[PDB]
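This document starts with one chain, in the form deposited without the partner chain, laid out as structure tokens.
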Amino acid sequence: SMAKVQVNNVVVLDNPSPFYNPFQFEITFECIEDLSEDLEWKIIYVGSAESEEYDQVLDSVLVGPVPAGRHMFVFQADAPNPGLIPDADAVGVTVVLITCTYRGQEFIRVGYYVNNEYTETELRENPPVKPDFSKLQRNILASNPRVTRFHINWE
């Protein structure tokens, strides 16, 4: 069958923000017909390129009833746990992902680069071994989303 859900756009809200602020995404999509089963959205923070074990599922949203037509919703998730981020990966560029599954199958993955940078010159010039997350600013590169679609069984 044809893809029954088509994501139209994601707006990154509160985009330059302190590291400890929650993520906020305003997501619009279309359903070509009433879906009987649930859509599950997730936000996944890539703690390190070292390994997927440093991935953090920040939150999941499950919608039981699906109606046909255009949709908008706002997806908010708490910031990642800095205790689980390797020291060498915290300051710099990482990735945050938005995924959606239907009947348990991921059909779309929207990835953004995330640039975490210090706000004080002293910290930028002499970064501590353990990063000071209270002084880190998160900038999501909202203009350059990377979209991957997956074929799933929509019936």
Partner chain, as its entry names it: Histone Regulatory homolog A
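We call the rigid core whatever largest set of C-alpha positions still superposes within 1.5 Å between the two forms. Residue numbers count along the first chain shown, from 1.
Rigid core superposition in 6 other deposited structures of this protein puts the Cα atoms of one stretch, out of 118 to 126 and 99 to 107, farther from the shown form on average, and that stretch is 118 to 126. Looking at 21 to 29 and 127 to 135, the one farther from the shown form in 6 other deposited structures of this protein by average CA distance, after a rigid core fit, turns out to be 127 to 135. Taking the PDB entry as given, 143 to 151 carries the higher mean Cα B factor of the two stretches 14 to 22 and 143 to 151.
With 87 to 95 and 62 to 70 compared on mean CA B-factor from the PDB entry, the stretch scoring higher is 62 to 70. Within the listed group 36, 116, 101, 56, the record reports its top CA B-factor for 36. Per-chain ranking of the deposited C-alpha B factor places residue 123 in the highest third.
The PDB entry assigns residue 32 a C-alpha temperature factor belonging to the highest third of its chain's modelled residues. Placement of the Cα temperature factor of residue 108 within the chain: middle third of the modelled residues, per the deposited record. Per the PDB record, residue ranking by Cα B-factor puts residue 49 in the highest third of the chain.
The following text describes the form solved in complex with the partner chain, which does not appear among the structures shown.
Residue contact check for residue 128: none of its heavy atoms lie within 4.5 Å of the partner chain in the deposited complex.
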